[PDB]
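Asks: sequence and experimental coordinates follow.
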Amino acid sequence: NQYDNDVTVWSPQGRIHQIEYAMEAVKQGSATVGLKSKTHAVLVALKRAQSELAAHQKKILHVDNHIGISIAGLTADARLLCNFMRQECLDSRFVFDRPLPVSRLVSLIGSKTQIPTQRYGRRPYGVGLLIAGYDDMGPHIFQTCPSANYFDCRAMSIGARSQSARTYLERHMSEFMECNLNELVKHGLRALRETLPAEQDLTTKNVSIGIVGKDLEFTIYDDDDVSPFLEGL
Amino acid sequence: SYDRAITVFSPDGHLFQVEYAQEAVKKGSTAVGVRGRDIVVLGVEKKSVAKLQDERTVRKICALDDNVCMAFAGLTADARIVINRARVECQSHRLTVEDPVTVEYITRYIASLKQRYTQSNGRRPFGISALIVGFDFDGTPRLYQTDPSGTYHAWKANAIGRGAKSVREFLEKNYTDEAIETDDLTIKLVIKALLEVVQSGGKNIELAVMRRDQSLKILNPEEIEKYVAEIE
Amino acid sequence: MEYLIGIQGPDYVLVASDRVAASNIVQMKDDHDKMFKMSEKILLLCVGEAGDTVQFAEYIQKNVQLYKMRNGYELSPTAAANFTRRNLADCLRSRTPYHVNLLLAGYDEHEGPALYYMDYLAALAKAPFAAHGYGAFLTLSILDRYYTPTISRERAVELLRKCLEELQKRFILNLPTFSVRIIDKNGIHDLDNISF
Amino acid sequence: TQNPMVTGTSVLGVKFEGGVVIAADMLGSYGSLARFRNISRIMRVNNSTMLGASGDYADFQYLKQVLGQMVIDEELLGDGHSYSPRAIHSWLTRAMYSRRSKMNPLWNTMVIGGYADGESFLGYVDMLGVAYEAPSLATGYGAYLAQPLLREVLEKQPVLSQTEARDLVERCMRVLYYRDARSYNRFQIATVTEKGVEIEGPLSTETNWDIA
Amino acid sequence: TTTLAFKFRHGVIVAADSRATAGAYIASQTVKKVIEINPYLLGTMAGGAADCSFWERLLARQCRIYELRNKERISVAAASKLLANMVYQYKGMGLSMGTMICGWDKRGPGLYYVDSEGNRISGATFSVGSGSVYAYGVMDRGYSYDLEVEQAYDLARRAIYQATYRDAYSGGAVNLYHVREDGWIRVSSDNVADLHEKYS
Amino acid sequence: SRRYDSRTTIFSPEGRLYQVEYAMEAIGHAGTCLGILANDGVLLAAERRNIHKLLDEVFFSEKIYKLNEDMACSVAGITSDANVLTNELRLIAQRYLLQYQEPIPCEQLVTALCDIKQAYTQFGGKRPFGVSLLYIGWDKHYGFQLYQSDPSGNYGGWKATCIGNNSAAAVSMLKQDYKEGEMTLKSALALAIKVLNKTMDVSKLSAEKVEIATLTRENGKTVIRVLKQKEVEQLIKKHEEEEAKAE
Amino acid sequence: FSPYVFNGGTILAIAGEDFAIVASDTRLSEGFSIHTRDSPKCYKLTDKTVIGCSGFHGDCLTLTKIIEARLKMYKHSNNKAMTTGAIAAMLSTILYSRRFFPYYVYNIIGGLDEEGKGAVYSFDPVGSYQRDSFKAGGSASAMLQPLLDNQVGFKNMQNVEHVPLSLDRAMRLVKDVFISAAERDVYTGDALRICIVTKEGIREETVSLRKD
Amino acid sequence: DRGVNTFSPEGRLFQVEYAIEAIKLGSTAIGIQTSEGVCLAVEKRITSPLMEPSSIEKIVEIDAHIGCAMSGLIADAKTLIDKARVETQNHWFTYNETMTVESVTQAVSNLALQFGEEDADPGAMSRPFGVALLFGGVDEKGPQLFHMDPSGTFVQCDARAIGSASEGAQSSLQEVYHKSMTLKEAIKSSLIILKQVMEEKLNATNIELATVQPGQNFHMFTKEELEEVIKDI
Amino acid sequence: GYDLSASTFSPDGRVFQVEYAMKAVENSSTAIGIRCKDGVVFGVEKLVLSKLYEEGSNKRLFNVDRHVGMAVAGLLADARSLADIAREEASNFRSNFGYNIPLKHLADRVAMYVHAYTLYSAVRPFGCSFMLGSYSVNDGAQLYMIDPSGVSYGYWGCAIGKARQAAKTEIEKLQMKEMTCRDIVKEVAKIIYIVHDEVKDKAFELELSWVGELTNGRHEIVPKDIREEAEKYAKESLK
């Protein structure tokens, strides 16, 4: 009653309701799926039908040539957070002339996201990000939360009804590290399809695919480009 | 620095401090402006004369520039901040454009300032409305009205203050091209509209008329009784 | 250098200025107003560095016009000259000083005619007659010679004409035309340009 | 640094097949005074990067703690990402360039050597942010007195061995002791390989022949 | 560098040369020195080339912001005052400029010389640049206000021509523009080596 | 913190400013202060509050506070907040003299304080100054003047007005025994004592309970002169006797 | 302390009907010496744009880091690559943003325009900005521009047919004019990178010049 | 009682949730993107007959190629449509190119959710914007049309109605729109739907129409031009 | 309403926002650290929530300097914030004094940063306790622990987390003062498994890191050849 309006107020249970309510903002957005093999890292997202006449969203963003993100939650907090991530990746290539490592970008997010969770009159970033990457250490599926810790994932899905995808992903995660590129994306499409109503299916108009790889920069795939990936599902 | 959101939204999408600043306008003295063919007439309704006013310094029709003059209703102290900040902008515009302002320019400056205190931290909105009259360089007369929300519209005739719901109902049934034809008949259109709102009646109003170059002059008290006797 | 001259009479503040806007060797403009009216009854005659003479004079003009809007009455010439001195003096040690040499002239309904001198080092002085520029050297002794404090305004134009004929014969710059205007009690009247 | 105070002189550097060798003498001059005769002007940056600098030795000790602690900070989080020798050369290019634009330069003239991913890196950085890479480097009067000897060997034979590059290093350091007034008869040789940076001890040019 | 502008009855003719030179070595001879600002107003480039071409581009975006906010095109008076105020903030810092804003407003044809020294003055005729003194003479003999359109084209080409013939830093091709009441038009780009065959 | 804030500068749902209207009631229980404009001067007649037997007589007045060579004020409300305002008017009066070398016109001094007072009713989150205060003065443009300035930040020029306790009863007596364009100074001193009897609940006056200052012109120089104890005791006795000759 | 050094280098963009050819030497200098013999002044920006940068090499390294960083900022916020004329307009504002401590870099943009024709944009170090058909910049620019204005502009030729410049006649005209530049300019002559920009991408050649 | 940066237990961020309810009190605006141009049609909602209807500028120029249509609190739009105009001129200044319709929408919607009351600026927004904006124009990708909800969520739409009668005009836009209709057939379709939803009698005074073609610039219809269209309905 | 701010005492003199923030540590899994004769060994019961997380995500053992390690427990985003604060203090010490920061001083500089958020309504207290541990030749082995109140005490063994009291009884019967670091790792893994609940919180990955004389005073993760030889030892005595 009186412990949920401010982010600087602990409840008597050792718990901050304003942080947990911002994590409710990412569980009611749209389902996005991220997963990786030993060679690639794939972000698949549902471009959500706002109406029957809207070109739906854009929910996968370019960050660097080796890192792209996928958005669940408030979209204006996302690109406010993505413009920080784009600047932090330009900051390294200007200074070190090398790609900034994926595990160090997400550590800069979680230290920038923790700061509004502790000062008065500031709100948590109501956005979850699945982050695909290819560093010198391989592929990476970092998930970040409004509760500013982050998670190196083998595969992860966030958004509305995304537990059905995590039910799917945790079953078939035993075979992700030995897939082809077209085989790995189709696992993410079958995970993304699990988050759909029974009257709905994965068209080419509502699916974006973001792939990053070894000899492949990060690319998003539009409506006509997801047709070679949906040709088997 | 006092940084706290004073004007916030409410359920059903209302800004309470903007709505409550408009209730401060409705508790103020009634101001009427109509727009003629080559004449704009502002008239305010002095509620009390009291025989002890130095009336020179509670006049509610100011003069923003030589071509622009306004009349307000609402919190008198909030108006004097708006009147003075419009007068500074009318002089900065002569500095940079080498031309007098248009009436819609200083209306946009007053409205965007009034919008700014509905959205900045640590500020309440202005509790005034402003009937702004003037003339372009082309000579077209203008009549504008700003609200505490920061919204401004052009008007053929308008009324702000107390009783303005009844004065605007009067002017919407009596503003025609025939009553806006003669310059003296335009002046009696404000005086007829004010006398419907002045609950005590008589020569207890203030009224200023601005024609073209050889500009604005506020009418004297015996020069206003000549019109009120011509409408008795 | 450009040329200013003012002659205070009993009820007028006759001023004149050259109308040239010279550059390196060529001159650009031959009808150049160096007079800036501030009220209905006061003028500011401004010469000096390039650009400073309008960035200062229009700044003084916009605040003296703002004074009339805020208050309903105009400044006096003494208060306008003192206002003009303040924001010329507190900027002479700033990052951006103004190198303007001024000649403020005005009529007051109760104090009368008033002519003011000030230089780029912001020293205000009320004078019966004053002049600026290199041409002041040749003309301030025409005016120490034939000026009386009770001079008519017809004899002030005729005394002004003696000073401007002295510049035609003895001064090396080409200053052919001069804007001349009076500041009697009825405001500012543009007299005919004394040309050569 | 508007004016340098204690300067080092020429720093050599040449890459070979399997690594890079740099060399600098152990001396800092206060204006034709051999004042500090035992200072090492070669920094081991990390396991695959070495660094030697000419110019102001106080500005080089500033770079040894700013770049040295930057190597702590990457090694704390322990994710397996190290600075390459060309990442350090690019950071140090941006560090020296940002200082001349505030007109407060670091006076030094670093030579960065390194060996990462099977490839030898040798990089120059000047105090104006002028940076490049070369098979052989020499700063100071070594660019006049040793760089002609380095390039005449690297033109006939673009790949050296380790024993052959070290002998070429000592042969150019002997010429610097003969003909540079700010040079000194003791020098450090550092060598990066696949097995890490190894800075050998005080070597002399004590085989100096002077037929007068 | 020689730029030229005069007002006459049928608008204002703007003319310039094309030579941009660093020291005594001609860097280019196809320099568009008549900077068109927007479809109704335009300037010239005399002085530092990057200074005249930046601040008249920054003038160009503030005239467009003025046109969007006020729903009317800016005057020649207000445009020259905005340019004078922007370059006054860098007085004594090294802006080499000196330019002529041209156009029609409600007041008719307008021509205002604006310098980075701080000047902005009205006038019928102006000429800016190093060969401006050679262009002043040929202009002032031929100039009239009641000058025909083909006549005003002729003496503005020739005044730039005589300036290129005497100024080492003036050359290239003339670039004649004409401001009419419905915006400026570009009328000719005659080469100086081609005008020499006509003028002799 | 939003919990501890009181929101001093917001609107009421009726369109009111509470802290302004609550500052207005601090003044209605302060010392009664009135001012009367005459044809050759303006006066102030403050009812003295600090009338204890063991008070000293340090500085020139109790509630007058001369502002300028040519104008003085008089305060009623919070005593401490009035001292902050009167230092501020003296700064504005001397910044005008520094900038123009002419004395501040009296309407332009009241306007500048009323901008500082309005600014604490609109932004900053502070309480307003609970000081309404009168003004008497002379200037070139309109001569003798009289102003009143509420804590709202709005002011007015008056011929006769009154602030403080029983101000509403004092104004109505000034509506009837004041004549416009017909009040001399000596007639206005007698009107001041007449109002300060029916608006002070005590049996009579004693001149230890009032303070009077007049502002006149003498040979081109404004003099502001607090009347001494014998000068007011003669005015009390001229009204305590003349009331017996009217009943 | 001077914040500048002239590092030499000459750059040679040439526009054609369906191509652009940006060329440079590879010698880096300071004073009377040679830093390295393989340092190209040419930099690929997009799929159809090459910049050539000569002057102060500390500013040349910084400016191409800034352009390559602001190439990406456009692509992030506008979701398309920059056109050749928009890079050259952006560089005009980057060079003027640092005007009271300016870059000592002569820049030539060469690429394909938005209609598939060749586009060459020339720059003063403070951002004066002109589209040409051919431009030399740098140390030998006074040597190269009279031959380019002879053999491309067809100037001072009487009764000669203005043939369209082919791809091969332009490439020989590039190579033959640096042979004339390396003969008499001391700052040019190590090698010659030619970045040639067509519809199929950016081919990049090299050919030797006379070592000093 | 609660601050401006406070999430609902549903994760909705209250002040934005109430700024969306402010749009439903503003007049109805319609946009239709066709392949031959976009059209923007808005109800003016004349309050009094004495009000001059030429001052109700609910459609504005952003650049020559972009026009915007607003609904909600018209005073709040004037700071967004001035930041729209300055951003197009800053893009033209730097890049000598017209700014695309998506990136103007992306720049304006970054100002939504940039509010707060804890040192967000010396002058910062206390509250979100109570406006929806329909950007519409022709870029290098052709005719485009964008929506700008106060959450900073921007979406490309083929046809979109906003305002007090959007839920009911968006039901009418989904029935009559198709991907090959003409701009003349879209202007006419934007007035049958305004006829259903306006309270007063629809004439050429209480509507405001403007189109952006690929050939011509932005232009707003005159009084004489609107009279031809209303007779066709 | 005496518990909505950190600038408010209770009527019996308690700051509940501090005491609520240490309930957040008590809802986190148990991390222990044992100071022995040769060094300090940390051990974290790291609850892995989903099977979808990679082995090593949400790491609880930090390196704050090359000789100091940090085992955290509590709100993990606050823990990574204080790890950056402890890295900055250890960095600024070497940039101002030229040697490795003592663990006494580093623990006191960070505990006074934590204390600084227990005083104002503008911030909340940190929701994490954390142990620090280092080894030097001169200073020896040292283990300090910092609470969300900002109090730092030196320990021979600390056991922050859920099973705080249950792990302290296992550390108290150990006699760590004479045992070496390779013997403590076999015992830390025993204490982690005996306090883990195999009913409430299901999956968990043991994280172990020492700092001691065998590493020349460097803090590092215990290697998998020694880690697996202690997890096998811990299950054999769990029976």
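Replies: Good, I have the coordinates. Residues are numbered from 1 along each chain as shown, chains lettered A, B, ... in the order given.

Asks: what comes up buried for the helix or strand where residue D:13 lies?
Replies: Residue D:13 is part of strand D:11-16, with elements assigned from DSSP states H and E. Across strand D:11-16, burial judged by 16 or more other Cβ atoms under 10 Å in any protein chain shown covers D:11, D:12, D:13, D:14, D:15, D:16. In short, each C-beta sits where N, CA and C put it, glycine included.

Asks: secondary structure element holding residue B:11?
Replies: Per DSSP H and E, residue B:11 falls between elements, in no helix or strand.

Asks: surely it and residue H:21 touch.
Replies: Yes - with the criterion set as Cβ atoms under 8 Å, residue B:11 and residue H:21 qualify as a contacting pair; they are 7.1 Å apart.

Asks: ok, the residue in chain I that chain H sits nearest to - contacts?
Replies: At 8.5 Å from chain H, residue I:122 is the closest residue in chain I, using Cβ to the nearest Cβ. Applying Cβ atoms under 8 Å, 6 or more residues apart in numbering or on different chains, one finds that residue I:122 lies in contact with A:8, A:119, A:120.

Asks: quick check: the residue nearest to the first one when sequence neighbours are not counted vs chain G, distance?
Replies: When the adjacent residues along the chain are set aside, residue A:8 lies closest to residue I:124, with 3.9 Å between them (Cβ to Cβ, 6 or more residues apart in numbering or on different chains). Distance of residue I:124 to chain G, computed by Cβ to the nearest Cβ, to the nearest Å: 35 Å.

Asks: so what's residue I:124 up against?
Replies: Contacts of residue I:124 were listed using Cβ under 8 Å, 6+ apart, and they are A:7, A:8, A:9, A:10, A:16, A:118, I:6, I:17, I:21, I:117.

Asks: list just the nearest of those to chain E.
Replies: Distance ranking of the contacts of residue I:124 against chain E, using Cβ to the nearest Cβ, places residue A:7 first at 39.7 Å.

Asks: neighbours around that closest one, how many?
Replies: Other residues near residue A:7 number 26, with proximity taken as other Cβ atoms under 10 Å in any protein chain shown.

Asks: so it is in which element?
Replies: Since the elements are taken from DSSP H and E, residue A:7 ends up inside neither a helix nor a strand.

Asks: which phi and psi does it have?
Replies: In this entry, residue A:7 is assigned phi and psi values of phi -90, psi -10 (degrees, to the nearest 10).

Asks: touching, it and residue A:20? I think so.
Replies: No - here residue A:7 lies out of contact with residue A:20, judged by Cβ under 8 Å, at a distance of 10.5 Å.

Asks: got the buried residues for the longest helix along chain E?
Replies: With residue count as the measure and DSSP state H as the assignment, chain E has helix E:49-70 as its longest helix. Within helix E:49-70, the residues scored as buried using 16+ other Cβ under 10 Å are E:49-69.

Asks: what is it packed up against?
Replies: Identification of packing neighbours for helix E:49-70 by 3 or more Cβ pairs under 8 Å, 6 or more residues apart in numbering or on different chains; DSSP states H and E yields strand E:34-38, strand E:41-44, helix E:76-88, strand E:99-105, helix G:84-97, helix H:74-95.

Asks: to chain C, which of the ones you listed lies closest?
Replies: Chain C lies closest, by Cβ to the nearest Cβ, to one member of the helices and strands packed on helix E:49-70: helix E:76-88, at 5.7 Å.

Asks: so the closest one versus strand E:99-105, what angle?
Replies: 150 degrees (axes from the mean of the first three to the mean of the last three Cα atoms, to 10 degrees).

Asks: give me the contact status of helix E:76-88 with chain H.
Replies: No - remark: helix E:76-88 sits outside contact range of chain H, by Cβ under 8 Å from any Cβ of the partner chain, the gap being at least 13.2 Å.

Asks: so how far is residue H:180 from the closest residue to chain G within chain H?
Replies: Residue nearest to chain G within chain H: residue H:96 (3.9 Å; Cβ to the nearest Cβ). For residue H:96, the distance to residue H:180 (Cβ to Cβ, to the nearest Å) stands at 34 Å.

Asks: deepest-packed of the helices and strands packed on helix E:49-70, please.
Replies: Stretch with highest mean neighbour count among the helices and strands packed on helix E:49-70: strand E:41-44 (a mean of 28; mean count of other Cβ atoms under 10 Å in any protein chain shown).

Asks: and that strand, does that touch chain G?
Replies: No - where contact is defined by Cβ under 8 Å from any Cβ, no part of strand E:41-44 touches chain G; the two come within 14.5 Å at best.

Asks: who touches that strand?
Replies: With Cβ under 8 Å, 6+ apart as the test, strand E:41-44 has contacts from E:3, E:5, E:14, E:16, E:33-37, E:52, E:56, E:59, E:63, E:73-74, E:76, E:79, E:83, E:99-103, E:128, E:177, E:179, E:184.

Asks: what's the answer for stretch I:186-202, then?
Replies: Contact partners of stretch I:186-202, identified using Cβ under 8 Å, 6+ apart, comprise I:29-30, I:32, I:34, I:41-45, I:47, I:159, I:162-163, I:166-167, I:170-171, I:174, I:179, I:204, I:206, I:208, I:227, I:229-231, I:233-235, I:237-238.

Asks: now do the same end-to-end measure for that stretch.
Replies: Distance between the two ends of stretch I:186-202: 22 Å, counting by Cα to Cα, to the nearest Å.

Asks: how about that stretch: buried residues?
Replies: Of the residues in stretch I:186-202, those with enough neighbours to count as buried (16+ other Cβ under 10 Å) are I:186, I:187, I:188, I:189, I:190, I:191, I:192, I:193, I:195, I:196.

Asks: now do the SS call for the second one.
Replies: It refers to residue I:187. Here residue I:187 is recorded as helix under DSSP: H, G, I helix; E, B strand; the rest coil.

Asks: wait, residue C:4 touches residue C:44, no?
Replies: No - using Cβ under 8 Å, residue C:4 and residue C:44 do not qualify as a contacting pair, with a distance of 10.4 Å.

Asks: okay, and the common contacts of those two?
Replies: When Cβ under 8 Å, 6+ apart defines a contact, the residues bordering residue C:4 and residue C:44 alike are residue C:103.

Asks: now the helices and strands packed on helix E:49-70 as a markdown table including distance to residue G:114?
Replies: As requested, those are arranged in a markdown table below (distance: least, Cβ to Cβ, whole Å):
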| stretch | distance to residue G:114 |
| --- | --- |
| strand E:34-38 | 20 |
| strand E:41-44 | 24 |
| helix E:76-88 | 30 |
| strand E:99-105 | 29 |
| helix G:84-97 | 7 |
| helix H:74-95 | 12 |
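
Asks: quick one, helices of chain H?
Replies: All helices of chain H, identified by DSSP H, fall at H:14-23, H:74-95, H:101-108, H:166-176, H:183-197, H:223-232.

Asks: where's the most centrally placed residue in chain E relative to residue A:22, distance?
Replies: A centroid search over chain E (Cα atoms, centre = their mean) returns residue E:44, at 3.5 Å, as the residue closest to the centre. When Cβ to Cβ is applied, the distance between residue E:44 and residue A:22 equals 58 Å.

Asks: tell me the buried residues in stretch H:1-14?
Replies: If you call a residue buried by 16+ other Cβ under 10 Å, then stretch H:1-14 has these buried ones: H:3, H:4, H:5, H:6, H:7, H:11, H:12, H:13, H:14.

Asks: re earlier: need the contacts of residue I:122 in a markdown table with neighbour count, can you?
Replies: Supplementary listing: these in a markdown table, determined by neighbours: other Cβ atoms under 10 Å in any protein chain shown:
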| residue | neighbour count |
| --- | --- |
| A:8 | 24 |
| A:119 | 15 |
| A:120 | 19 |
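
Asks: would you agree residue A:5 is in contact with residue H:6?
Replies: Yes - at 5.7 Å, residue A:5 and residue H:6 qualify as touching, with contact defined as Cβ under 8 Å.
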